[PDB]
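S.K.: Take a look at my_file_13.csv, CSV, N, CA and C atoms:
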```
chain,number,residue,atom,x,y,z
N,1,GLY,N,-59.8,174.0,26.3
N,1,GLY,CA,-59.5,173.9,24.9
N,1,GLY,C,-60.6,174.4,24.0
N,2,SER,N,-61.1,175.6,24.3
N,2,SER,CA,-62.2,176.2,23.5
N,2,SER,C,-62.4,177.7,23.9
N,3,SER,N,-62.5,178.5,23.0
N,3,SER,CA,-62.8,180.0,23.2
N,3,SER,C,-63.9,180.5,22.4
N,4,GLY,N,-65.1,180.4,22.9
N,4,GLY,CA,-66.3,180.9,22.2
N,4,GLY,C,-67.4,181.3,23.2
N,5,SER,N,-68.2,180.3,23.6
N,5,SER,CA,-69.3,180.5,24.5
N,5,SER,C,-69.7,179.2,25.2
N,6,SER,N,-70.1,178.2,24.5
N,6,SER,CA,-70.5,177.0,25.1
N,6,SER,C,-70.6,175.9,24.1
N,7,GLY,N,-69.8,174.8,24.2
N,7,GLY,CA,-69.9,173.7,23.3
N,7,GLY,C,-69.4,174.1,21.9
N,8,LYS,N,-68.1,173.8,21.6
N,8,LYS,CA,-67.5,174.2,20.3
N,8,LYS,C,-66.3,173.3,20.0
N,9,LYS,N,-66.3,172.1,20.6
N,9,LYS,CA,-65.3,171.1,20.4
N,9,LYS,C,-65.2,170.6,19.0
N,10,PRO,N,-66.3,170.0,18.5
N,10,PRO,CA,-66.4,169.5,17.1
N,10,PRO,C,-66.5,170.6,16.1
N,11,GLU,N,-65.4,171.0,15.5
N,11,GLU,CA,-65.4,172.1,14.5
N,11,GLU,C,-64.1,172.1,13.7
N,12,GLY,N,-64.2,172.5,12.5
N,12,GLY,CA,-63.0,172.5,11.6
N,12,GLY,C,-63.3,172.0,10.2
N,13,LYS,N,-62.3,171.9,9.4
N,13,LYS,CA,-62.4,171.4,8.0
N,13,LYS,C,-61.2,170.7,7.5
N,14,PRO,N,-61.3,170.0,6.4
N,14,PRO,CA,-60.1,169.3,5.8
N,14,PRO,C,-59.1,170.3,5.2
N,15,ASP,N,-58.0,169.7,4.8
N,15,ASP,CA,-56.9,170.5,4.2
N,15,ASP,C,-56.1,169.7,3.2
N,16,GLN,N,-55.1,170.4,2.6
N,16,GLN,CA,-54.2,169.7,1.7
N,16,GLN,C,-52.7,169.7,2.1
N,17,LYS,N,-52.2,168.6,2.3
N,17,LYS,CA,-50.8,168.4,2.7
N,17,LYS,C,-49.8,169.1,1.8
N,18,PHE,N,-48.6,169.4,2.2
N,18,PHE,CA,-47.6,170.1,1.4
N,18,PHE,C,-46.3,169.4,1.5
N,19,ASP,N,-45.9,169.1,2.7
N,19,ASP,CA,-44.6,168.5,3.0
N,19,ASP,C,-44.7,167.4,4.1
N,20,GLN,N,-43.7,166.6,4.3
N,20,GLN,CA,-43.7,165.6,5.3
N,20,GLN,C,-42.4,164.8,5.3
N,21,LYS,N,-41.5,165.1,6.1
N,21,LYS,CA,-40.2,164.4,6.2
N,21,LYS,C,-39.5,164.7,7.5
N,22,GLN,N,-39.4,165.9,7.9
N,22,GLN,CA,-38.7,166.3,9.2
N,22,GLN,C,-39.8,166.3,10.3
N,23,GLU,N,-40.9,165.7,10.0
N,23,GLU,CA,-42.0,165.7,11.0
N,23,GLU,C,-42.8,164.3,10.9
N,24,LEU,N,-43.3,163.9,12.0
N,24,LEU,CA,-44.0,162.6,12.1
N,24,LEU,C,-45.1,162.7,13.1
N,25,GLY,N,-46.3,163.3,12.8
N,25,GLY,CA,-47.4,163.4,13.7
N,25,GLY,C,-48.0,162.0,14.0
N,26,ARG,N,-48.0,161.7,15.3
N,26,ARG,CA,-48.6,160.5,15.8
N,26,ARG,C,-50.0,160.7,16.4
N,27,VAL,N,-51.0,160.3,15.7
N,27,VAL,CA,-52.4,160.4,16.1
N,27,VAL,C,-53.2,159.2,15.9
N,28,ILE,N,-53.5,158.4,16.9
N,28,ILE,CA,-54.3,157.2,16.8
N,28,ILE,C,-55.7,157.5,16.6
N,29,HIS,N,-56.3,157.1,15.5
N,29,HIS,CA,-57.7,157.3,15.2
N,29,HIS,C,-58.5,156.1,15.6
N,30,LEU,N,-59.5,156.3,16.4
N,30,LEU,CA,-60.3,155.2,16.9
N,30,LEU,C,-61.8,155.4,16.3
N,31,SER,N,-62.1,154.4,15.4
N,31,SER,CA,-63.5,154.5,14.8
N,31,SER,C,-64.3,153.3,15.3
N,32,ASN,N,-65.6,153.5,15.1
N,32,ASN,CA,-66.6,152.5,15.6
N,32,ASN,C,-66.5,152.3,17.1
N,33,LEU,N,-66.5,153.4,17.8
N,33,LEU,CA,-66.4,153.4,19.3
N,33,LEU,C,-67.8,153.2,19.9
N,34,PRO,N,-67.9,152.5,21.1
N,34,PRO,CA,-69.1,152.3,21.8
N,34,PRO,C,-69.8,153.5,22.3
N,35,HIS,N,-70.8,153.4,23.1
N,35,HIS,CA,-71.5,154.5,23.7
N,35,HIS,C,-72.4,154.0,24.8
N,36,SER,N,-71.8,153.4,25.8
N,36,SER,CA,-72.6,152.9,27.0
N,36,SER,C,-72.3,153.8,28.2
N,37,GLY,N,-71.9,155.1,28.0
N,37,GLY,CA,-71.7,156.0,29.1
N,37,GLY,C,-70.3,155.7,29.7
N,38,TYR,N,-69.3,155.4,28.9
N,38,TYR,CA,-68.0,155.1,29.5
N,38,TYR,C,-67.2,156.3,29.6
N,39,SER,N,-66.1,156.2,30.3
N,39,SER,CA,-65.2,157.4,30.6
N,39,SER,C,-64.1,157.4,29.5
N,40,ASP,N,-63.4,158.6,29.4
N,40,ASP,CA,-62.3,158.7,28.4
N,40,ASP,C,-61.2,157.7,28.6
N,41,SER,N,-60.9,157.4,29.9
N,41,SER,CA,-59.9,156.4,30.2
N,41,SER,C,-60.1,155.1,29.4
N,42,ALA,N,-61.3,154.7,29.4
N,42,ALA,CA,-61.7,153.4,28.7
N,42,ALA,C,-61.1,153.4,27.3
N,43,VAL,N,-60.9,154.6,26.7
N,43,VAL,CA,-60.4,154.8,25.4
N,43,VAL,C,-58.9,154.9,25.4
N,44,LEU,N,-58.4,155.4,26.5
N,44,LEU,CA,-56.9,155.6,26.7
N,44,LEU,C,-56.2,154.3,27.2
N,45,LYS,N,-57.0,153.4,27.8
N,45,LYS,CA,-56.4,152.2,28.3
N,45,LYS,C,-55.8,151.4,27.2
N,46,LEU,N,-56.3,151.5,26.0
N,46,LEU,CA,-55.8,150.8,24.9
N,46,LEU,C,-54.5,151.4,24.3
N,47,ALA,N,-54.2,152.5,24.9
N,47,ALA,CA,-53.0,153.3,24.5
N,47,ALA,C,-52.0,153.5,25.7
N,48,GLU,N,-52.5,153.4,26.9
N,48,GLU,CA,-51.7,153.5,28.1
N,48,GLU,C,-50.5,152.6,28.1
N,49,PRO,N,-50.7,151.3,28.0
N,49,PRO,CA,-49.6,150.3,28.0
N,49,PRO,C,-48.9,150.4,26.6
N,50,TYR,N,-49.3,151.3,25.8
N,50,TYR,CA,-48.6,151.4,24.5
N,50,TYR,C,-47.7,152.6,24.5
N,51,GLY,N,-48.1,153.7,25.1
N,51,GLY,CA,-47.3,154.9,25.2
N,51,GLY,C,-47.9,156.0,26.0
N,52,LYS,N,-47.1,157.0,26.4
N,52,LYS,CA,-47.6,158.1,27.2
N,52,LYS,C,-48.5,159.0,26.4
N,53,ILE,N,-49.8,159.0,26.8
N,53,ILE,CA,-50.8,159.8,26.2
N,53,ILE,C,-50.6,161.3,26.4
N,54,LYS,N,-49.9,161.9,25.4
N,54,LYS,CA,-49.6,163.3,25.5
N,54,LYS,C,-50.9,164.2,25.2
N,55,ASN,N,-51.8,163.6,24.5
N,55,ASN,CA,-53.1,164.2,24.2
N,55,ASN,C,-54.1,163.2,23.7
N,56,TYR,N,-55.4,163.5,24.0
N,56,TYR,CA,-56.5,162.6,23.6
N,56,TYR,C,-57.7,163.4,23.3
N,57,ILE,N,-58.6,162.9,22.4
N,57,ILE,CA,-59.8,163.6,22.0
N,57,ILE,C,-61.0,162.6,21.9
N,58,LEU,N,-62.0,162.9,22.8
N,58,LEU,CA,-63.1,162.0,22.8
N,58,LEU,C,-64.3,162.7,22.1
N,59,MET,N,-64.5,162.3,20.9
N,59,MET,CA,-65.6,162.9,20.1
N,59,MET,C,-66.8,161.9,20.1
N,60,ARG,N,-67.9,162.3,20.7
N,60,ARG,CA,-69.1,161.5,20.7
N,60,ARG,C,-70.0,161.7,19.5
N,61,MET,N,-69.8,162.9,18.9
N,61,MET,CA,-70.6,163.2,17.7
N,61,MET,C,-70.7,162.1,16.7
N,62,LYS,N,-69.6,161.7,16.1
N,62,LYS,CA,-69.6,160.6,15.1
N,62,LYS,C,-68.9,159.4,15.7
N,63,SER,N,-69.0,159.2,17.0
N,63,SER,CA,-68.4,158.1,17.7
N,63,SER,C,-66.9,157.9,17.2
N,64,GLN,N,-66.1,158.9,17.5
N,64,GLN,CA,-64.7,158.9,17.1
N,64,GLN,C,-63.8,159.5,18.2
N,65,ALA,N,-62.5,159.1,18.2
N,65,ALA,CA,-61.6,159.6,19.2
N,65,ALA,C,-60.2,159.6,18.7
N,66,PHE,N,-59.4,160.5,19.1
N,66,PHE,CA,-58.0,160.6,18.6
N,66,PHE,C,-57.0,160.7,19.8
N,67,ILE,N,-56.2,159.6,19.9
N,67,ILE,CA,-55.2,159.6,21.0
N,67,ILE,C,-53.8,159.7,20.4
N,68,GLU,N,-53.2,160.8,20.8
N,68,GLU,CA,-51.8,161.1,20.4
N,68,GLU,C,-50.8,160.5,21.4
N,69,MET,N,-50.1,159.4,21.0
N,69,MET,CA,-49.1,158.8,21.9
N,69,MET,C,-47.9,159.7,22.1
N,70,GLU,N,-47.1,159.3,23.0
N,70,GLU,CA,-45.9,160.1,23.3
N,70,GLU,C,-44.8,160.0,22.2
N,71,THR,N,-44.8,158.8,21.6
N,71,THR,CA,-43.8,158.5,20.5
N,71,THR,C,-44.5,157.8,19.4
N,72,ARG,N,-44.1,158.1,18.1
N,72,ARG,CA,-44.6,157.5,16.9
N,72,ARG,C,-44.7,155.9,17.1
N,73,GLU,N,-43.6,155.4,17.7
N,73,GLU,CA,-43.5,153.9,17.9
N,73,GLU,C,-44.8,153.4,18.5
N,74,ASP,N,-45.1,153.9,19.7
N,74,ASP,CA,-46.3,153.4,20.4
N,74,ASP,C,-47.5,153.4,19.5
N,75,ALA,N,-48.0,154.5,19.1
N,75,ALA,CA,-49.1,154.6,18.2
N,75,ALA,C,-49.1,153.6,17.1
N,76,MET,N,-47.9,153.5,16.5
N,76,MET,CA,-47.7,152.5,15.4
N,76,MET,C,-47.9,151.1,15.9
N,77,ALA,N,-47.4,150.8,17.1
N,77,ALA,CA,-47.6,149.5,17.7
N,77,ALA,C,-49.0,149.1,17.9
N,78,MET,N,-49.8,150.2,18.2
N,78,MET,CA,-51.3,150.0,18.5
N,78,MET,C,-52.0,149.5,17.2
N,79,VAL,N,-52.0,150.4,16.2
N,79,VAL,CA,-52.7,150.1,15.0
N,79,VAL,C,-52.2,148.8,14.4
N,80,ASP,N,-51.0,148.4,14.7
N,80,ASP,CA,-50.4,147.1,14.2
N,80,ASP,C,-50.9,146.0,15.0
N,81,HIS,N,-50.9,146.1,16.4
N,81,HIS,CA,-51.4,145.1,17.3
N,81,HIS,C,-52.8,144.7,16.9
N,82,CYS,N,-53.5,145.6,16.2
N,82,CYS,CA,-54.9,145.4,15.8
N,82,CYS,C,-55.0,144.5,14.6
N,83,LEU,N,-53.9,144.5,13.8
N,83,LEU,CA,-53.9,143.7,12.5
N,83,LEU,C,-53.8,142.2,12.9
N,84,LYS,N,-52.9,141.9,13.8
N,84,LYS,CA,-52.8,140.5,14.2
N,84,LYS,C,-53.9,140.0,15.1
N,85,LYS,N,-54.2,140.9,16.1
N,85,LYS,CA,-55.2,140.6,17.1
N,85,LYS,C,-56.4,141.6,17.0
N,86,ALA,N,-57.6,141.1,17.2
N,86,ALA,CA,-58.7,142.0,17.2
N,86,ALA,C,-58.9,142.8,18.5
N,87,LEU,N,-58.7,144.1,18.3
N,87,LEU,CA,-58.8,145.0,19.5
N,87,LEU,C,-60.3,145.2,19.9
N,88,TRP,N,-60.6,144.7,21.1
N,88,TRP,CA,-62.0,144.8,21.6
N,88,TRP,C,-62.1,145.8,22.8
N,89,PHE,N,-63.0,146.8,22.6
N,89,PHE,CA,-63.1,147.8,23.6
N,89,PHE,C,-64.6,147.8,24.2
N,90,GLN,N,-64.7,147.5,25.5
N,90,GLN,CA,-66.0,147.4,26.1
N,90,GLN,C,-66.9,146.4,25.4
N,91,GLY,N,-66.3,145.6,24.6
N,91,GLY,CA,-67.1,144.6,23.9
N,91,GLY,C,-67.4,145.0,22.5
N,92,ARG,N,-66.6,145.8,21.9
N,92,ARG,CA,-66.8,146.2,20.5
N,92,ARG,C,-65.5,146.1,19.7
N,93,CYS,N,-65.7,145.7,18.4
N,93,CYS,CA,-64.6,145.6,17.5
N,93,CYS,C,-64.1,146.9,17.0
N,94,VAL,N,-63.8,147.9,17.9
N,94,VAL,CA,-63.4,149.2,17.6
N,94,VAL,C,-62.2,149.1,16.6
N,95,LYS,N,-62.1,150.0,15.7
N,95,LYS,CA,-61.0,150.1,14.7
N,95,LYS,C,-60.0,151.1,15.1
N,96,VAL,N,-58.7,150.7,15.2
N,96,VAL,CA,-57.6,151.6,15.6
N,96,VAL,C,-56.6,151.7,14.4
N,97,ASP,N,-56.6,152.9,13.8
N,97,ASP,CA,-55.7,153.2,12.7
N,97,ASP,C,-55.1,154.5,12.9
N,98,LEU,N,-53.9,154.7,12.4
N,98,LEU,CA,-53.2,155.9,12.5
N,98,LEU,C,-53.7,156.9,11.5
N,99,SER,N,-54.0,158.1,11.9
N,99,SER,CA,-54.6,159.2,11.1
N,99,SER,C,-53.6,160.3,10.9
N,100,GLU,N,-53.7,161.0,9.7
N,100,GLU,CA,-52.7,162.1,9.4
N,100,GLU,C,-53.2,163.4,10.0
N,101,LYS,N,-54.5,163.6,10.0
N,101,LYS,CA,-55.1,164.8,10.6
N,101,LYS,C,-54.5,165.1,12.0
N,102,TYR,N,-54.2,166.4,12.2
N,102,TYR,CA,-53.6,166.8,13.4
N,102,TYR,C,-52.2,166.1,13.7
N,103,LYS,N,-51.3,166.8,14.3
N,103,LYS,CA,-50.0,166.2,14.7
N,103,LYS,C,-49.9,165.9,16.1
N,104,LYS,N,-50.6,166.7,17.0
N,104,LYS,CA,-50.6,166.5,18.4
N,104,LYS,C,-51.9,166.9,19.0
N,105,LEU,N,-52.9,167.1,18.2
N,105,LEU,CA,-54.2,167.5,18.7
N,105,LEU,C,-54.2,168.8,19.4
N,106,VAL,N,-54.1,169.9,18.6
N,106,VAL,CA,-54.1,171.2,19.2
N,106,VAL,C,-54.5,172.3,18.2
N,107,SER,N,-53.9,172.2,17.0
N,107,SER,CA,-54.2,173.1,15.9
N,107,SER,C,-53.5,174.4,16.2
N,108,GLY,N,-52.3,174.6,15.7
N,108,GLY,CA,-51.5,175.8,15.8
N,108,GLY,C,-50.3,175.9,14.9
N,109,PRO,N,-50.6,176.3,13.7
N,109,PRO,CA,-49.5,176.4,12.7
N,109,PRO,C,-48.6,177.6,13.0
N,110,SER,N,-47.3,177.3,13.0
N,110,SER,CA,-46.3,178.3,13.3
N,110,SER,C,-46.3,179.4,12.3
N,111,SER,N,-45.5,180.4,12.5
N,111,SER,CA,-45.5,181.6,11.6
N,111,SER,C,-44.3,181.5,10.7
N,112,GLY,N,-44.0,180.3,10.2
N,112,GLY,CA,-42.9,180.0,9.3
N,112,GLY,C,-43.3,180.1,7.8
```
Take the structure in the file and write it out as structure tokens.
M.R.:
Amino acid sequence: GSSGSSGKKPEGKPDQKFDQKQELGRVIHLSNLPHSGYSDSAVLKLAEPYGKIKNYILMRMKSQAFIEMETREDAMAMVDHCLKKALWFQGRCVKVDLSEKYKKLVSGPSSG
């Protein structure tokens, strides 16, 4: 998932939305993540029993990760399950909220 030289995962910039009706990008944004040398799974486990992880992003830069569930429902159930119950990961009150950025974690605007 990179075409340059070495180490180029964390890169990009913001944008301005235009439309949103016939599409529903499901991307679970995980903030305040730990850093005890854990594996990516440890971050997907909170989504595994929620939905099929079609794509995931483990960003250690600013301690953040983006997990794209298989269906909007799942992802939605996660961020919600955090409202009623406190989601604890590895012993941390990690924040799980749905983000708009990216639709499936890939970056590839069609030629429409």
S.K.: Could you pull out the strand (DSSP E or B) residues of chain N from DSSP and send them as a ChimeraX atom specification?
M.R.: /N:27-31,55-59,64-68,95-99
S.K.: Each residue of segment 23-59 of chain N lying at most 5 Å from segment 85-109 of chain N should get a row with its shortest atom-to-atom pair and the distance in Å to one decimal, counting only N, CA and C atoms; could you produce that, ordered by chain and increasing number, as a Markdown table?
M.R.:
```
| residue | atom | partner | partner_atom | distance |
| --- | --- | --- | --- | --- |
| N:25 | CA | N:103 | CA | 3.9 |
| N:26 | N | N:103 | C | 4.7 |
| N:27 | C | N:99 | N | 4.2 |
| N:28 | CA | N:98 | CA | 4.6 |
| N:29 | N | N:97 | C | 3.9 |
| N:30 | CA | N:95 | C | 4.5 |
| N:31 | N | N:95 | C | 3.9 |
| N:32 | C | N:94 | CA | 4.4 |
```
S.K.: So that I can see what lies close to residue 53 of chain N, please list as number ranges by chain the residues with an atom at most 7 Å from it, counting all atoms listed in the file and leaving out residues fewer than 5 positions away in the same chain.
M.R.: N: 47-48, 67-70
S.K.: Calculated over only C-alpha atoms, which of the candidates N:71, N:22, N:36, N:63 has the smallest distance to residue 50 of chain N?
M.R.: N:71
S.K.: Suppose you want the space between atom CA of residue 46 of chain N and atom CA of residue 78 of chain N; what is it in Å?
M.R.: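 Atom CA of residue 78 of chain N lies 7.9 Å from atom CA of residue 46 of chain N.
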S.K.: Go ahead and compute the interatomic distance for atom C of residue 8 of chain N and atom N of residue 34 of chain N, in Å to one decimal.
M.R.: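 A separation of 20.9 Å between them.
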S.K.: Kindly give the distance, in Å, that separates atom CA of residue 58 of chain N and atom CA of residue 20 of chain N, rounded to a single decimal.
M.R.: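 Separation of atom CA of residue 58 of chain N and atom CA of residue 20 of chain N: 26.4 Å.
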S.K.: Identify all residues of chain N in helix (DSSP H, G or I) (DSSP on the backbone) and supply them as JSON, numbers by chain.
M.R.: {"N": [41, 42, 43, 44, 72, 73, 74, 75, 76, 77, 78, 79, 80, 81, 82, 83, 84]}
S.K.: Those same residues, written as a PDB file, in the coordinates of the input with N, CA and C atoms?
M.R.:
```pdb
ATOM      1  N   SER N  41     -60.900 157.400  29.900  1.00  0.00           N
ATOM      2  CA  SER N  41     -59.900 156.400  30.200  1.00  0.00           C
ATOM      3  C   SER N  41     -60.100 155.100  29.400  1.00  0.00           C
ATOM      4  N   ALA N  42     -61.300 154.700  29.400  1.00  0.00           N
ATOM      5  CA  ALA N  42     -61.700 153.400  28.700  1.00  0.00           C
ATOM      6  C   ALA N  42     -61.100 153.400  27.300  1.00  0.00           C
ATOM      7  N   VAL N  43     -60.900 154.600  26.700  1.00  0.00           N
ATOM      8  CA  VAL N  43     -60.400 154.800  25.400  1.00  0.00           C
ATOM      9  C   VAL N  43     -58.900 154.900  25.400  1.00  0.00           C
ATOM     10  N   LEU N  44     -58.400 155.400  26.500  1.00  0.00           N
ATOM     11  CA  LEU N  44     -56.900 155.600  26.700  1.00  0.00           C
ATOM     12  C   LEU N  44     -56.200 154.300  27.200  1.00  0.00           C
ATOM     13  N   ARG N  72     -44.100 158.100  18.100  1.00  0.00           N
ATOM     14  CA  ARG N  72     -44.600 157.500  16.900  1.00  0.00           C
ATOM     15  C   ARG N  72     -44.700 155.900  17.100  1.00  0.00           C
ATOM     16  N   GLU N  73     -43.600 155.400  17.700  1.00  0.00           N
ATOM     17  CA  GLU N  73     -43.500 153.900  17.900  1.00  0.00           C
ATOM     18  C   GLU N  73     -44.800 153.400  18.500  1.00  0.00           C
ATOM     19  N   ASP N  74     -45.100 153.900  19.700  1.00  0.00           N
ATOM     20  CA  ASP N  74     -46.300 153.400  20.400  1.00  0.00           C
ATOM     21  C   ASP N  74     -47.500 153.400  19.500  1.00  0.00           C
ATOM     22  N   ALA N  75     -48.000 154.500  19.100  1.00  0.00           N
ATOM     23  CA  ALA N  75     -49.100 154.600  18.200  1.00  0.00           C
ATOM     24  C   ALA N  75     -49.100 153.600  17.100  1.00  0.00           C
ATOM     25  N   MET N  76     -47.900 153.500  16.500  1.00  0.00           N
ATOM     26  CA  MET N  76     -47.700 152.500  15.400  1.00  0.00           C
ATOM     27  C   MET N  76     -47.900 151.100  15.900  1.00  0.00           C
ATOM     28  N   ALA N  77     -47.400 150.800  17.100  1.00  0.00           N
ATOM     29  CA  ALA N  77     -47.600 149.500  17.700  1.00  0.00           C
ATOM     30  C   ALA N  77     -49.000 149.100  17.900  1.00  0.00           C
ATOM     31  N   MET N  78     -49.800 150.200  18.200  1.00  0.00           N
ATOM     32  CA  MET N  78     -51.300 150.000  18.500  1.00  0.00           C
ATOM     33  C   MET N  78     -52.000 149.500  17.200  1.00  0.00           C
ATOM     34  N   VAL N  79     -52.000 150.400  16.200  1.00  0.00           N
ATOM     35  CA  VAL N  79     -52.700 150.100  15.000  1.00  0.00           C
ATOM     36  C   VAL N  79     -52.200 148.800  14.400  1.00  0.00           C
ATOM     37  N   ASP N  80     -51.000 148.400  14.700  1.00  0.00           N
ATOM     38  CA  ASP N  80     -50.400 147.100  14.200  1.00  0.00           C
ATOM     39  C   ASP N  80     -50.900 146.000  15.000  1.00  0.00           C
ATOM     40  N   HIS N  81     -50.900 146.100  16.400  1.00  0.00           N
ATOM     41  CA  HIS N  81     -51.400 145.100  17.300  1.00  0.00           C
ATOM     42  C   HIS N  81     -52.800 144.700  16.900  1.00  0.00           C
ATOM     43  N   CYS N  82     -53.500 145.600  16.200  1.00  0.00           N
ATOM     44  CA  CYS N  82     -54.900 145.400  15.800  1.00  0.00           C
ATOM     45  C   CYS N  82     -55.000 144.500  14.600  1.00  0.00           C
ATOM     46  N   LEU N  83     -53.900 144.500  13.800  1.00  0.00           N
ATOM     47  CA  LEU N  83     -53.900 143.700  12.500  1.00  0.00           C
ATOM     48  C   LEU N  83     -53.800 142.200  12.900  1.00  0.00           C
ATOM     49  N   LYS N  84     -52.900 141.900  13.800  1.00  0.00           N
ATOM     50  CA  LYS N  84     -52.800 140.500  14.200  1.00  0.00           C
ATOM     51  C   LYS N  84     -53.900 140.000  15.100  1.00  0.00           C
TER      52      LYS N  84
END
```
